[PDB]
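Worksheet: one structure, shown below.
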Amino acid sequence: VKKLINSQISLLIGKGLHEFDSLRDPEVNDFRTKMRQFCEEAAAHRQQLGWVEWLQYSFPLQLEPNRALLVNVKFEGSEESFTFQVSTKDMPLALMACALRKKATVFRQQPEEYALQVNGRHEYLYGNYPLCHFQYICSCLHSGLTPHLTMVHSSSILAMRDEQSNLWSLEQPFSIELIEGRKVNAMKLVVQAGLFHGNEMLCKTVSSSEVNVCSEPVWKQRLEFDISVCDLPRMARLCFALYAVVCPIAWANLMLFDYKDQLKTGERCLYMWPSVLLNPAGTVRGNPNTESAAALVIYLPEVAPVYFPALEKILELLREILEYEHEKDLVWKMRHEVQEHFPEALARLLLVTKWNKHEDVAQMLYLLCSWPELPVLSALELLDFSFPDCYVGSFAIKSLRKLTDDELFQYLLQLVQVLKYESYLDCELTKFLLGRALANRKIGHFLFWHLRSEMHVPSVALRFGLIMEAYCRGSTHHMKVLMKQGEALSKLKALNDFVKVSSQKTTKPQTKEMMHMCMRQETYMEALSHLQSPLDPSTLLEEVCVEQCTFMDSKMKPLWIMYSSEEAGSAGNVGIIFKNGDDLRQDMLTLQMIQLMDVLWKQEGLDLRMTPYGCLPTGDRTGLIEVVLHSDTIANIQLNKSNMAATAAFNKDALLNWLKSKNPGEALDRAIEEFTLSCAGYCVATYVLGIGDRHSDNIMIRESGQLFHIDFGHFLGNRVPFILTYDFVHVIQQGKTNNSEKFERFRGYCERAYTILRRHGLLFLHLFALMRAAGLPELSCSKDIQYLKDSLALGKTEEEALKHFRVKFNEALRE
Ligand SMILES: C[C@H](Nc1nc(N)nc(N)c1C#N)c1nc2cccc(Cl)c2c(=O)n1-c1ccccc1
């Protein structure tokens with residue numbers, strides 16, 4: 001009944017829905033109700049879209065950031081096919097007309113009733129775009145594959161849609177009573193408190209008295225703060241730190257206002273979190289491990305039933321050479337000049353605002369309500385924790401609504417991590433993510449995985465769980481599609497555990513042949529087959545190809561899973577790598593950033609022929625990596641095996657020999673330039689991102705000639721110099737030991753790549769600052785965000801970074 005769905009949702013999201021109920025938290029219950037209605041209502045909107053609108057929902061166009069080609073076309077009811085010559089400049093429509101006409105005149109005697117499906121993928125060609133704007137077509141013009149498409153009539157598209165349906169009156173100091181605490185180790189105990197707005201201190205911190213390493217220590221000590229109850233900003237949070245003195249122990253935070261803006265009065269038991277001293281960015285909800293978490297007991301002094309003032313009441317209440325406090329005062333003084341003449345400097349203005357004074361806040365808020373929308377780039381900055389105010393938060397979201405689905409997809413990883421900054425469950429960001437998610441199935445797909453992958457983390461398990469639940473209410477059908485993916489990943493985990501055990505006790509070929517027998521069990525064949533890929537919902541993983549499955553004899557023994565589809569031919573032979581035991585968030589970020597470089601470069605004419613292959617954490621130290629087909633490690637090739645076509649007289653010739661064995665005759669020259677472009681992209685990418693520990697085992701090359709990096713795990717230093725491998729130069733110089741014309745064009749590719757990136761440098765800084773929310777160990781400080789200082793030399797001009805890049809480039813040809 002409705003129980004079945006609840007059951008399925010509990011299984012999918014990784015948490016029983018009953019566990020939400022058992023909290024009897026009215027904030028939790030209001031979220032679920034309000035968001036369910038919101039999400040069910042979008043679902044209602046979806047069920048009645050035009051068939052082309054539904055195409056846009058479920059299969060958003062995959063577009064690239066004249067000269068004719070072969071295309072293969074068939075219809076849905078018949079396996080009869082027609083091969084056409086068309087131009088890369090032709091619209092899908094023209095192709096559909098040539099398809100309809102040749103059908104008409106073979107069955108004996110309208111294109112607007114059709115769309116073109118890519119064979120074996122959840123991808124479609126439609127809209128008024130030349131064919132060469134479609135990613136699948138571009139991937140065929142480079143692979144030399146022939147595009148195979150299927151004429152799908154509007155009637156069976158609608159069949160798909162339908163089957164997928166379902167008070168400033170308070171003078172006194174604000175003060176706390178610190179009653180007592182309880183859990184321990186090991187000396188003397190102190191409780192440091194603190195009033196914060198974001199990570200701006202609302203006032204001076206106050207420590208408690210030194211008390212003995214008693215367990216259940218006691219204080220009753222009233223703590224009064226240097227700020228009045230009427231001057232607490234809406235988003236004020238009180239932060240505690242409990243430590244030992246002759247060593248940190250725990251921290252815990254909370255909002256002084258509830259989620260209904262009612263200022264908090266009464267007793268609070270604060271279930272604390274373990275430590276590294278005050279941690280304002282930390283979550284405002286208590287440690288769920290109540291059986292063993294230290295708890296701090298406090299009392300919140302009553303003051304009368306007061307609510308934070310409504311917005312109406314709030315509202316009724318040389319400058320250039322900046323783009324020091326005397327400086328800070330000029331900006332606030334000249335704040336009207338900001339709005340009307342420097343609207344995008346809003347961030348800087350908000351940072352000089354006095355958040356501990358309600359009149360200053362009301363003034364700023366009044367300006368904020370008249371403030372014109374900002375560019376996406378400005379808005380990305382405003383989402384950071386250093387802009388905690390809810391109205392600012394909303395303004396930021398409002399400025400983000402013009403995000404295209406392509407950009408939103410690029411930034412989605414960061415928007416999700418920002419959720420960990422929120423103070424309340426119901427928030428504009430959550431509502432925005434959900435809306436976008438319900439309107440674009442690809443967003444929804446990855447929204448889900450970003451949330452599901454962290455459910456093992458107790459500080460976000462609740463929020464993320466609720467969000468996935470609401471989204472499931474918004475698509476009962478996608479939930480089942482998603483369950484299917486989790487069932488496959490559950491089986492891959494079981495299978496991987498067996499391989500870990502078996503390979504320690506027998507040989508690889510024995511483990512492999514029993515990996516195969518495990519896979520051939522019916523529950524495994526069923527679970528592992530006919531699923532959308534979590535790496536890319538548009539990629540369909542049909543028949544699992546057991547005989548080509550294997551595993552790496554390395555480390556975590558990751559699995560190699562191959563698929564084939566008898567309806568895709570070309571685009572159906574694909575593989576995924578399942579890895580359990582490594583943290584993959586790092587790799588995902590890095591590949592995201594490289595993909596964004598690829599976009600920035602490409603949307604300026606420069607195609608460095610990158611390979612941004614998929615990488616998706618799906619669970620605790622668990623995820624998928626997309627297999628890049630027809631590729632090999634530098635290591636395997638430089639191994640210079642006997643017998644092979646690439647066997648060389650000199651080690652430096654192995655790579656170039658390998659390429660020529662893969663690209664005979666004329667074909668070699670394109671492989672060389674591909675190697676060359678891709679080389680320059682990754683050299684610049686790895687230099688800017690600070691990816692070290694680069695070697696022949698983590699660099700690969702495609703038979704096309706394309707070089708790409710894998711297994712990143714580091715970046716930002718956690719300081720790296722530009723890398724130039726002599727064996728690469730040798731390929732670049734087409735083998736000749738002097739070839740300045742080929743070598744200097746390569747030096748050209750690097751510098752332009754570098755300068756393009758240097759222009760959108762702020763974008764990178766904004767995204768990485770947001771990423772700090774993720775708690776990756778390699779991105780924890782200002783010093784990390786600093787490293788992106790030099791790489792991009794954003795302090796300098798023109799380029800007066802001019803010549804940073806010489807030295808690093810000219811140093812790099814040490815090797
Ligand atoms: C290193 C390589 N990594 C990738 N290989 C491609 N093709 N695409 C990727 N995205 C990545 C990654 N990451 C790789 N990864 C594996 C992962 C799991 C299981 C196996 Cl059995 C392998 C494996 O054999 N190789 C390998 C392949 C060609 C030569 C030497 C070793």
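Please note that chains go A, B, ... in the order of the structure tokens, that every chain numbers its residues from 1, and that ligands are numbered from 1 in the order shown.
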
* May I have the residues within 6 Å of ligand 1, computed using only C-alpha atoms and all ligand atoms, as a PyMOL selection string? => chain A and resi 550-552+558-560+577+625-629+631-633+710-711

Requested write-out: N, CA and C atoms of the selected residues, as a PDB file, in the first residue's frame:
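File written: result_10.pdb
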```pdb
ATOM      1  N   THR A 550      36.985  -9.153 -13.633  1.00  0.00           N
ATOM      2  CA  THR A 550      38.215  -9.509 -12.976  1.00  0.00           C
ATOM      3  C   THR A 550      38.387  -8.554 -11.799  1.00  0.00           C
ATOM      4  N   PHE A 551      39.583  -8.524 -11.233  1.00  0.00           N
ATOM      5  CA  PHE A 551      39.870  -7.621 -10.151  1.00  0.00           C
ATOM      6  C   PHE A 551      41.337  -7.276 -10.198  1.00  0.00           C
ATOM      7  N   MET A 552      41.715  -6.169  -9.560  1.00  0.00           N
ATOM      8  CA  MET A 552      43.124  -5.812  -9.444  1.00  0.00           C
ATOM      9  C   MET A 552      43.770  -6.519  -8.251  1.00  0.00           C
ATOM     10  N   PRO A 558      40.191  -3.713  -6.029  1.00  0.00           N
ATOM     11  CA  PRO A 558      38.949  -3.217  -6.641  1.00  0.00           C
ATOM     12  C   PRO A 558      38.525  -4.126  -7.794  1.00  0.00           C
ATOM     13  N   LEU A 559      37.228  -4.128  -8.105  1.00  0.00           N
ATOM     14  CA  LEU A 559      36.646  -5.034  -9.092  1.00  0.00           C
ATOM     15  C   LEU A 559      36.526  -4.373 -10.458  1.00  0.00           C
ATOM     16  N   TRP A 560      36.655  -5.176 -11.508  1.00  0.00           N
ATOM     17  CA  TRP A 560      36.503  -4.729 -12.899  1.00  0.00           C
ATOM     18  C   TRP A 560      35.246  -5.375 -13.507  1.00  0.00           C
ATOM     19  N   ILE A 577      34.394   0.310 -12.458  1.00  0.00           N
ATOM     20  CA  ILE A 577      35.319  -0.164 -11.462  1.00  0.00           C
ATOM     21  C   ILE A 577      34.643   0.077 -10.123  1.00  0.00           C
ATOM     22  N   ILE A 625      34.170   3.932 -10.278  1.00  0.00           N
ATOM     23  CA  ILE A 625      34.989   4.666 -11.225  1.00  0.00           C
ATOM     24  C   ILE A 625      34.603   4.189 -12.631  1.00  0.00           C
ATOM     25  N   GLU A 626      34.413   5.117 -13.551  1.00  0.00           N
ATOM     26  CA  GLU A 626      34.087   4.734 -14.936  1.00  0.00           C
ATOM     27  C   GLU A 626      35.302   4.156 -15.657  1.00  0.00           C
ATOM     28  N   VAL A 627      35.169   2.984 -16.278  1.00  0.00           N
ATOM     29  CA  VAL A 627      36.278   2.430 -17.047  1.00  0.00           C
ATOM     30  C   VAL A 627      36.539   3.254 -18.320  1.00  0.00           C
ATOM     31  N   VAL A 628      37.768   3.737 -18.516  1.00  0.00           N
ATOM     32  CA  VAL A 628      38.128   4.305 -19.821  1.00  0.00           C
ATOM     33  C   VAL A 628      38.669   3.157 -20.689  1.00  0.00           C
ATOM     34  N   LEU A 629      37.896   2.806 -21.721  1.00  0.00           N
ATOM     35  CA  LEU A 629      38.189   1.697 -22.620  1.00  0.00           C
ATOM     36  C   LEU A 629      39.406   1.981 -23.505  1.00  0.00           C
ATOM     37  N   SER A 631      42.691   1.595 -23.100  1.00  0.00           N
ATOM     38  CA  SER A 631      43.732   2.426 -22.508  1.00  0.00           C
ATOM     39  C   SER A 631      44.701   1.552 -21.737  1.00  0.00           C
ATOM     40  N   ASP A 632      45.859   2.106 -21.394  1.00  0.00           N
ATOM     41  CA  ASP A 632      46.869   1.358 -20.653  1.00  0.00           C
ATOM     42  C   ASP A 632      47.717   2.312 -19.825  1.00  0.00           C
ATOM     43  N   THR A 633      48.399   1.780 -18.815  1.00  0.00           N
ATOM     44  CA  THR A 633      49.211   2.633 -17.953  1.00  0.00           C
ATOM     45  C   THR A 633      50.522   2.914 -18.651  1.00  0.00           C
ATOM     46  N   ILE A 710      45.056   9.321 -13.295  1.00  0.00           N
ATOM     47  CA  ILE A 710      44.149   8.586 -12.424  1.00  0.00           C
ATOM     48  C   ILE A 710      44.672   8.605 -10.993  1.00  0.00           C
ATOM     49  N   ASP A 711      43.884   8.029 -10.080  1.00  0.00           N
ATOM     50  CA  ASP A 711      44.255   7.826  -8.673  1.00  0.00           C
ATOM     51  C   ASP A 711      44.931   9.038  -8.047  1.00  0.00           C
TER      52      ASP A 711
END
```

Find the residues of segment 729-794 of chain A that sit at most 10 Å from segment 600-624 of chain A; for each, write down the nearest two atoms and how far apart they are in Å, to one decimal. Count only C-alpha atoms. Sort by chain, then by number going up, and give it as a tab-separated table.
```
residue	atom	partner	partner_atom	distance
A:749	CA	A:608	CA	8.1
A:750	CA	A:608	CA	9.6
A:752	CA	A:606	CA	8.7
A:753	CA	A:601	CA	6.6
A:754	CA	A:601	CA	9.5
A:755	CA	A:601	CA	9.7
A:756	CA	A:601	CA	6.5
A:757	CA	A:600	CA	7.1
A:759	CA	A:600	CA	9.5
A:760	CA	A:600	CA	7.9
```

* To do: Name the residues in contact with residue 543 of chain A at a cut-off of 7 Å, using only C-alpha atoms, excluding same-chain residues fewer than 6 positions from it; report them as a PyMOL selection string.
  => chain A and resi 529-530+563-565

What's the 12 Å shell around residue 682 of chain A, counting only C-alpha atoms, without same-chain residues fewer than 5 positions away, as a PDB file with C-alpha atoms, in the first residue's frame?
```
ATOM      1  CA  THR A 590      39.594  16.596  -8.651  1.00  0.00           C
ATOM      2  CA  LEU A 591      37.832  15.092 -11.679  1.00  0.00           C
ATOM      3  CA  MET A 593      37.583  20.469 -11.319  1.00  0.00           C
ATOM      4  CA  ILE A 594      39.357  18.975 -14.333  1.00  0.00           C
ATOM      5  CA  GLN A 595      36.009  18.670 -16.140  1.00  0.00           C
ATOM      6  CA  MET A 597      38.773  23.306 -16.710  1.00  0.00           C
ATOM      7  CA  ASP A 598      37.808  21.358 -19.817  1.00  0.00           C
ATOM      8  CA  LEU A 608      42.890  19.931 -24.836  1.00  0.00           C
ATOM      9  CA  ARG A 609      41.221  16.523 -25.426  1.00  0.00           C
ATOM     10  CA  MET A 610      40.771  15.682 -21.730  1.00  0.00           C
ATOM     11  CA  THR A 611      39.292  12.494 -20.251  1.00  0.00           C
ATOM     12  CA  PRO A 612      37.045  13.495 -17.331  1.00  0.00           C
ATOM     13  CA  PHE A 675      48.886  13.165 -26.820  1.00  0.00           C
ATOM     14  CA  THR A 676      50.256  16.690 -27.079  1.00  0.00           C
ATOM     15  CA  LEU A 677      47.068  18.620 -26.290  1.00  0.00           C
ATOM     16  CA  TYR A 687      50.090  22.117 -11.511  1.00  0.00           C
ATOM     17  CA  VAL A 688      47.115  24.290 -10.582  1.00  0.00           C
ATOM     18  CA  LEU A 689      45.387  21.642  -8.445  1.00  0.00           C
ATOM     19  CA  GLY A 690      48.755  20.733  -6.878  1.00  0.00           C
ATOM     20  CA  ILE A 691      48.538  17.007  -7.606  1.00  0.00           C
ATOM     21  CA  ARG A 694      52.468  11.537 -10.221  1.00  0.00           C
ATOM     22  CA  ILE A 699      49.198   8.095 -15.687  1.00  0.00           C
ATOM     23  CA  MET A 700      47.363   6.361 -18.530  1.00  0.00           C
ATOM     24  CA  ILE A 701      47.064   6.767 -22.262  1.00  0.00           C
ATOM     25  CA  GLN A 706      45.040  10.788 -25.258  1.00  0.00           C
ATOM     26  CA  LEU A 707      46.991  10.974 -21.994  1.00  0.00           C
ATOM     27  CA  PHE A 708      45.077  11.223 -18.712  1.00  0.00           C
ATOM     28  CA  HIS A 709      45.718  10.950 -14.974  1.00  0.00           C
ATOM     29  CA  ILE A 710      44.149   8.586 -12.424  1.00  0.00           C
ATOM     30  CA  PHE A 712      44.696  11.384  -7.482  1.00  0.00           C
ATOM     31  CA  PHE A 722      55.226  21.856 -12.761  1.00  0.00           C
ATOM     32  CA  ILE A 723      56.029  18.369 -14.133  1.00  0.00           C
ATOM     33  CA  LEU A 724      57.766  17.583 -17.439  1.00  0.00           C
ATOM     34  CA  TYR A 749      49.108  25.152 -25.286  1.00  0.00           C
ATOM     35  CA  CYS A 750      50.234  25.152 -21.622  1.00  0.00           C
ATOM     36  CA  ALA A 753      45.406  26.856 -20.870  1.00  0.00           C
ATOM     37  CA  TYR A 754      46.979  28.411 -17.815  1.00  0.00           C
TER      38      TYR A 754
END
```

Need to verify the contact set: segment 284-292 of chain A, 7 Å, only C-alpha atoms, exclusion of same-chain residues closer than 5 positions in sequence. Can you return it as a CSV table (one decimal) with C-alpha atoms, in the first residue's frame?
```csv
chain,number,residue,atom,x,y,z
A,253,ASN,CA,26.8,24.5,19.4
A,254,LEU,CA,23.2,25.7,19.3
A,255,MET,CA,21.0,28.5,17.9
A,270,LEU,CA,23.8,19.3,24.9
A,271,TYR,CA,25.1,16.0,23.6
A,272,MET,CA,28.7,17.0,22.7
A,273,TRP,CA,31.1,16.0,19.9
A,423,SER,CA,21.1,25.8,11.0
```

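Those residues of segment 171-337 of chain A that DSSP, working from the backbone, places in alpha helix (DSSP H) are residues 311, 312, 313, 314, 315, 316, 325, 326, 327, 328, 329, 330, 331, 332, 333, 335, 336 and 337 of chain A.
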
Contacts of segment 336-447 of chain A with segment 31-49 of chain A up to 12 Å, shortest pair per row, only C-alpha atoms, as a tab-separated table:
```
residue	atom	partner	partner_atom	distance
A:424	CA	A:31	CA	9.6
A:425	CA	A:31	CA	6.6
A:426	CA	A:31	CA	5.7
A:427	CA	A:31	CA	9.4
A:428	CA	A:35	CA	11.4
A:430	CA	A:35	CA	9.3
A:431	CA	A:35	CA	7.7
A:432	CA	A:38	CA	11.0
A:433	CA	A:39	CA	11.2
A:434	CA	A:39	CA	7.4
A:435	CA	A:42	CA	7.5
A:436	CA	A:42	CA	10.0
A:437	CA	A:39	CA	9.7
A:438	CA	A:42	CA	6.6
A:439	CA	A:46	CA	7.6
A:440	CA	A:46	CA	10.1
A:441	CA	A:46	CA	10.9
A:444	CA	A:39	CA	11.9
```

* Distance in Å - atom CA of residue 668 of chain A versus atom CA of residue 742 of chain A -> 14.7 Å

Those in segment 238-371 of chain A with strand (DSSP E or B) from DSSP, as a tab-separated table (two decimals) with N, CA, C and O atoms, in the first residue's frame:
```tsv
chain	number	residue	atom	x	y	z
A	238	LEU	N	25.35	29.91	19.92
A	238	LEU	CA	26.18	29.83	21.11
A	238	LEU	C	27.01	28.58	21.05
A	238	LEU	O	26.48	27.47	20.96
A	239	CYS	N	28.32	28.75	21.10
A	239	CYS	CA	29.25	27.64	20.93
A	239	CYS	C	30.03	27.32	22.20
A	239	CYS	O	30.69	28.18	22.79
A	240	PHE	N	29.98	26.04	22.58
A	240	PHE	CA	30.68	25.56	23.76
A	240	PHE	C	31.95	24.77	23.42
A	240	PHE	O	31.99	24.07	22.42
A	241	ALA	N	32.98	24.88	24.24
A	241	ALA	CA	34.11	23.94	24.16
A	241	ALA	C	34.48	23.45	25.56
A	241	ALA	O	34.71	24.25	26.46
A	242	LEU	N	34.52	22.14	25.75
A	242	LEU	CA	34.88	21.55	27.04
A	242	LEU	C	36.25	20.90	26.96
A	242	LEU	O	36.45	19.96	26.20
A	243	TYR	N	37.19	21.41	27.75
A	243	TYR	CA	38.57	20.91	27.72
A	243	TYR	C	39.18	20.67	29.11
A	243	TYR	O	38.57	20.96	30.15
A	244	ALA	N	40.38	20.11	29.10
A	244	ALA	CA	41.10	19.78	30.32
A	244	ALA	C	42.32	20.65	30.42
A	244	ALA	O	43.00	20.89	29.41
A	245	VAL	N	42.63	21.11	31.63
A	245	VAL	CA	43.85	21.89	31.83
A	245	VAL	C	44.62	21.46	33.08
A	245	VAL	O	44.02	21.06	34.09
A	248	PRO	N	42.08	19.00	24.57
A	248	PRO	CA	40.68	19.20	24.18
A	248	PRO	C	39.85	17.94	24.40
A	248	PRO	O	40.38	16.83	24.31
A	249	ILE	N	38.56	18.13	24.68
A	249	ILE	CA	37.68	17.00	24.94
A	249	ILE	C	36.46	16.99	24.02
A	249	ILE	O	36.28	16.08	23.22
A	250	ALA	N	35.61	18.00	24.13
A	250	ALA	CA	34.44	18.04	23.28
A	250	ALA	C	34.01	19.47	22.93
A	250	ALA	O	34.44	20.44	23.57
A	251	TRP	N	33.18	19.58	21.90
A	251	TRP	CA	32.57	20.85	21.52
A	251	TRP	C	31.08	20.62	21.29
A	251	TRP	O	30.64	19.47	21.21
A	252	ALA	N	30.30	21.70	21.18
A	252	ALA	CA	28.85	21.62	20.90
A	252	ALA	C	28.28	23.01	20.67
A	252	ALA	O	28.67	23.96	21.37
A	253	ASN	N	27.39	23.15	19.69
A	253	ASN	CA	26.83	24.46	19.37
A	253	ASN	C	25.32	24.43	19.38
A	253	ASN	O	24.73	23.36	19.26
A	254	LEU	N	24.69	25.59	19.52
A	254	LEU	CA	23.24	25.70	19.28
A	254	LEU	C	22.80	27.13	18.95
A	254	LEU	O	23.45	28.10	19.36
A	255	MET	N	21.71	27.22	18.19
A	255	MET	CA	21.03	28.48	17.89
A	255	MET	C	20.29	29.00	19.13
A	255	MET	O	19.60	28.24	19.81
A	257	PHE	N	17.91	31.12	18.76
A	257	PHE	CA	16.53	31.15	18.29
A	257	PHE	C	16.13	29.81	17.72
A	257	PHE	O	16.93	29.13	17.07
A	262	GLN	N	11.42	31.78	17.73
A	262	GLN	CA	11.17	32.01	19.14
A	262	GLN	C	12.49	31.86	19.87
A	262	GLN	O	13.15	30.82	19.79
A	263	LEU	N	12.89	32.93	20.55
A	263	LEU	CA	14.13	32.93	21.31
A	263	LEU	C	14.05	31.83	22.35
A	263	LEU	O	12.99	31.56	22.89
A	266	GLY	N	14.97	28.14	28.82
A	266	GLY	CA	14.83	26.85	29.45
A	266	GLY	C	16.12	26.07	29.61
A	266	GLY	O	17.22	26.60	29.43
A	267	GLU	N	15.96	24.81	29.98
A	267	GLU	CA	17.10	23.92	30.19
A	267	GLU	C	17.46	23.19	28.90
A	267	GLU	O	16.58	22.77	28.17
A	268	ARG	N	18.75	23.05	28.62
A	268	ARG	CA	19.17	22.26	27.47
A	268	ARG	C	20.26	21.27	27.86
A	268	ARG	O	21.23	21.63	28.54
A	269	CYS	N	20.07	20.02	27.46
A	269	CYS	CA	21.11	19.02	27.55
A	269	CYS	C	21.79	18.90	26.17
A	269	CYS	O	21.17	18.49	25.19
A	270	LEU	N	23.07	19.25	26.13
A	270	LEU	CA	23.82	19.31	24.88
A	270	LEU	C	24.73	18.12	24.72
A	270	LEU	O	25.80	18.07	25.32
A	271	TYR	N	24.31	17.16	23.89
A	271	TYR	CA	25.12	16.00	23.58
A	271	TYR	C	26.29	16.40	22.69
A	271	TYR	O	26.10	16.72	21.52
A	273	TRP	N	30.27	16.70	20.87
A	273	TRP	CA	31.07	16.02	19.85
A	273	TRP	C	32.55	16.08	20.24
A	273	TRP	O	32.98	17.07	20.80
A	274	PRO	N	33.33	15.03	19.92
A	274	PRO	CA	34.78	14.95	20.19
A	274	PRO	C	35.61	16.02	19.47
A	274	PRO	O	35.10	16.65	18.55
A	295	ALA	N	27.76	14.97	27.83
A	295	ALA	CA	26.64	15.91	27.74
A	295	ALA	C	26.87	17.12	28.63
A	295	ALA	O	27.25	16.99	29.79
A	296	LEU	N	26.63	18.29	28.08
A	296	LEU	CA	26.75	19.52	28.84
A	296	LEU	C	25.35	20.04	29.12
A	296	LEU	O	24.53	20.19	28.21
A	297	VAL	N	25.06	20.28	30.40
A	297	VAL	CA	23.75	20.78	30.79
A	297	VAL	C	23.81	22.29	31.01
A	297	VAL	O	24.71	22.81	31.69
A	298	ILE	N	22.87	23.00	30.41
A	298	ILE	CA	22.82	24.43	30.57
A	298	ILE	C	21.39	24.91	30.77
A	298	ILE	O	20.43	24.16	30.52
A	299	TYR	N	21.24	26.15	31.23
A	299	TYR	CA	19.92	26.75	31.38
A	299	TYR	C	19.86	28.10	30.67
A	299	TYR	O	20.77	28.92	30.80
A	300	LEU	N	18.79	28.32	29.92
A	300	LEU	CA	18.64	29.55	29.15
A	300	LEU	C	17.63	30.47	29.82
A	300	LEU	O	16.42	30.23	29.74
A	307	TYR	N	9.51	36.54	19.96
A	307	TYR	CA	9.91	36.07	18.64
A	307	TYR	C	10.86	37.08	18.01
A	307	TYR	O	10.75	38.28	18.28
```

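Take the candidates A:679, A:346, A:365, A:382 and check each one against residue 313 of chain A using only C-alpha atoms; the shortest distance goes to A:365.
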
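The two atoms in question, atom CA of residue 231 of chain A and atom CA of residue 173 of chain A, are spaced 9.5 Å apart.
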
* **Spatial neighbours of segment 521-526 of chain A, 12 Å, only C-alpha atoms, chain gap at least 2 places, as a ChimeraX atom specification** => /A:484-485,487-495,514-519,528-531,541-546,563

Those residues you just picked out, can you put them in a file as a tab-separated table (two decimals), in the first residue's frame with C-alpha atoms?
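File produced: out_22.tsv:
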```
chain	number	residue	atom	x	y	z
A	484	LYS	CA	17.90	-1.18	-8.46
A	485	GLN	CA	21.26	0.66	-8.37
A	487	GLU	CA	20.89	-3.63	-5.05
A	488	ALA	CA	23.72	-3.92	-7.64
A	489	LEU	CA	26.13	-2.00	-5.36
A	490	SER	CA	25.17	-4.20	-2.41
A	491	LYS	CA	26.09	-7.28	-4.46
A	492	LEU	CA	29.39	-5.71	-5.67
A	493	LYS	CA	30.28	-5.16	-2.01
A	494	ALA	CA	29.51	-8.81	-1.14
A	495	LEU	CA	31.43	-9.95	-4.23
A	514	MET	CA	35.36	-18.23	-8.41
A	515	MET	CA	34.52	-14.56	-8.70
A	516	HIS	CA	32.98	-15.76	-11.95
A	517	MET	CA	30.96	-18.55	-10.30
A	518	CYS	CA	29.70	-16.17	-7.64
A	519	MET	CA	28.58	-13.79	-10.36
A	528	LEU	CA	24.10	-6.75	-11.40
A	529	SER	CA	22.22	-6.44	-14.74
A	530	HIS	CA	19.83	-3.97	-16.44
A	531	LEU	CA	20.45	-0.87	-14.33
A	541	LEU	CA	24.40	-1.30	-17.90
A	542	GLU	CA	22.61	-4.23	-19.48
A	543	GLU	CA	24.09	-7.74	-19.57
A	544	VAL	CA	26.92	-8.21	-17.10
A	545	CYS	CA	29.82	-9.78	-19.07
A	546	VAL	CA	31.12	-12.27	-16.56
A	563	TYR	CA	28.80	-4.96	-19.70
```

* residue 178 of chain A surroundings by only C-alpha atoms, 6 Å radius, close-in-sequence under 3 positions cut, as a list in words -> residues 220, 221, 222 and 298 of chain A

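Atom to atom, atom CA of residue 88 of chain A and atom CA of residue 67 of chain A stand 5.6 Å apart.
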